[PDB]
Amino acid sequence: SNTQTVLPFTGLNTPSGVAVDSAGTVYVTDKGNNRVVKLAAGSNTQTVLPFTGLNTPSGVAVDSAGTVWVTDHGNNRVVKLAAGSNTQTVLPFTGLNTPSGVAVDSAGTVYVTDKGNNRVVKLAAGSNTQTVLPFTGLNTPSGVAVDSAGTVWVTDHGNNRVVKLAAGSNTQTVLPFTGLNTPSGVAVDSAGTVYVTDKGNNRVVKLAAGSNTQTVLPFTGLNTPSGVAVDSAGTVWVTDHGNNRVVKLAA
């Protein structure tokens, strides 16, 4: 499509991250309001998730079981809420400093960009012991995505680049994006297309697998877009942080 749609959220304040599950429910970190909200498909009425004690939440992810993970930026922690639960759980990460983005794969492994420590950390399901991924030269990494093959993509915000690390590799690859300005969020679909919010250029760009030429998505009137999600049908959702709204674009 060439015509975006604004989602019927209410009362957003600097929304920072977005996730979409297979049912088409959209989850948004409402950073300025210290809350996480969700909107079911075909609903006009949002619901505030029963998280407790959030401080400027920055990223959100959702798995196939409906569990929601949130980076609680200001409290240096990652919190989890099971579907239909009113008690969050704090994940056993150690030494986080302003975590910015989170992704979860089908194995339940959780990946977090530890922005203040210039690193990306991983926690396998049922582990109390995190692992630091062998990225090199990161500068305030901001968003993370993981595909079905276990490849991890990170927006290296301070270096104006997007890097990827194949499963079990010790050598990252820099993606051939051009003209990025403080990229802030990344998503990858099943076809391996990578979508990136180019925050400083008020645009969203995508790169097809094996392509050298990015395309700019036909969004209109973006203001410092901060997070991006993509569903199985190719619909792209973006948190338009500076306009206090979430916009979507059909394939």
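Counting begins at 1, following the sequence as shown.
Between the stretches 43-51 and 28-36, it is 43-51 that shows the larger average CA temperature factor.
According to the PDB record, 171-179 carries the higher mean C-alpha B-factor of the two stretches 171-179 and 148-156. For the set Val120, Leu96, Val110, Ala82, the maximum C-alpha B-factor listed in the entry falls on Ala82. The PDB entry assigns its highest CA temperature factor, among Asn128, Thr140, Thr89, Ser100, to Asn128. In the deposited entry, the Cα temperature factor of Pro218 sits in the top third of values across the chain's modelled residues.
Split the chain's modelled residues into thirds by C-alpha temperature factor. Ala209 is in the highest one. Among all modelled residues in this chain, the alpha-carbon of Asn201 has a temperature factor (C-alpha) in the highest third. Among all modelled residues in this chain, the alpha-carbon of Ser58 has a temperature factor (C-alpha) in the lowest third. In this PDB entry, the Cα temperature factor of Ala233 sits in the top third of its chain's modelled residues, the highest group.
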